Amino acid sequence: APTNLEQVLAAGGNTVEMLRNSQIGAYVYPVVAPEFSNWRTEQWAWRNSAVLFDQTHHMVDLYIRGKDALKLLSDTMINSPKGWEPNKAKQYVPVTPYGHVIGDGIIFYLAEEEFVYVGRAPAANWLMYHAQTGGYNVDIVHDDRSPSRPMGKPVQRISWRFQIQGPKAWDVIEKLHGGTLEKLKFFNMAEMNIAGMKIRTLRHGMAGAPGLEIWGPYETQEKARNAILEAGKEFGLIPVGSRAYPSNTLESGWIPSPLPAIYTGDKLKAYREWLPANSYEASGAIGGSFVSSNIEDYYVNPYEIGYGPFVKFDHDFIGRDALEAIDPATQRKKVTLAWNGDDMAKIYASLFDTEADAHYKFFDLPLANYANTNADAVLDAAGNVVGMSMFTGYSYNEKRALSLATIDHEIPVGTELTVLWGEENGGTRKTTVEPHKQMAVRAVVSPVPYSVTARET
């Protein structure tokens, strides 16, 4: 019966309990081969040689054209539109009227009245809703991320999208280009030669080395891919697969999985009526140890996950008044949490105990998430919840399990907290969860981007 999220929520009991027991399964990074060599060597190459990241399949793309396109984005983003011109990209972040993050993505200003959104579903959904119901003179082409389990079916995108990253990436880029390529400022766009094609570029980088994101029409994917791989052998470039790939952001610091904060509030009811019953927001899952019967406890505002610096009060936008009323000095702060290696060893050891009644929650390598939204409790020494850990995995470059979290602003760097790993009462009904008991994992507050930190007494 339910045709939209509002009807789903009305019929579905407690919103938290429904999302924490969803049958959606794992959040999949599809189509790209899980591994080309092995995920450990693949993680190693983006820090030590060079890599081809295949981003063609795991992101929703929105092609946005028309007279009101720039107004649609300015009206919905916390980011400043002042001065924005073609061949500059921005990390679009929209908030609700209540000041809460909906999602985020990359918006390329491609030409006059021509933009492309690239990112997870939630902010794509928000943009389409306003384009359709807010009377904007704009046309949108929605190109979904690829199916999670194609089972041999053919897969199409409108565009291929790659990154070339690593200490030797610029050497590869210039070999392909045929000569020196100017390094623009971060997120500025230009072009380059690849095998006789003019390929548009986005200045990017990782861990102190310059890189590029590149894209083109789907039909030229192979021509570009093979040229990239051939030219990069000299420099040790290797392709990264979908198993190692999503773990990159544990080193970089971007949290991909804020819960879209749209489940409550009278001002968001018309959006809940617009969202389909099988949307990301209605069908996805929440996993982790953090428990509240109030879904609002899972929301974040832009200051709390590091988008503070993007907030510019120089234009009209949804939620501006809620953002102006916040004091940025008191908000939770994004950090990296370095997980105690002895606790990790204990977690894995329990998989090999033939006598014990329960084991600790399976921690997959190199990504350990088991929902599309992650929410593990971060506790102080007395047991008070002092933060939310939101993306969890392992880095072969550090030999450490890491997670990205938002924590009370007064917790100094170097403090030893605990992350509660696993779910209660033996686990929710998520099809990603096996029966297990919880552990309080020691974790050390560290900077973002991550860097090794001492442990205060």
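So that there is no doubt, residue numbering starts at 1 and follows the sequence shown.
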Look over 130 to 138 and 370 to 378 in the entry and identify the one with the greater average Cα temperature factor. 130 to 138
Comparing average C-alpha B factors as deposited, tell me which of 392 to 400 and 52 to 60 sits higher. 392 to 400
Out of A440, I24, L19, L9, residue topping the C-alpha B-factor column of the entry: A440
Say you rank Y280, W215, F235, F313 by Cα B-factor from the PDB entry; which sits at the top? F313
Looking at the C-alpha B-factor of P328, is it in the lowest, middle or highest third of its chain? highest
Among the modelled residues of its chain, the C-alpha B-factor of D68 falls in the third labelled highest
Would you check the entry's CA temperature factor for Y245 and let me know if it's in the chain's lowest, middle or highest third? lowest
By the entry's values, the third containing the CA B factor of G308 is the highest
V28: C-alpha B-factor third of its chain, per the entry, is the lowest
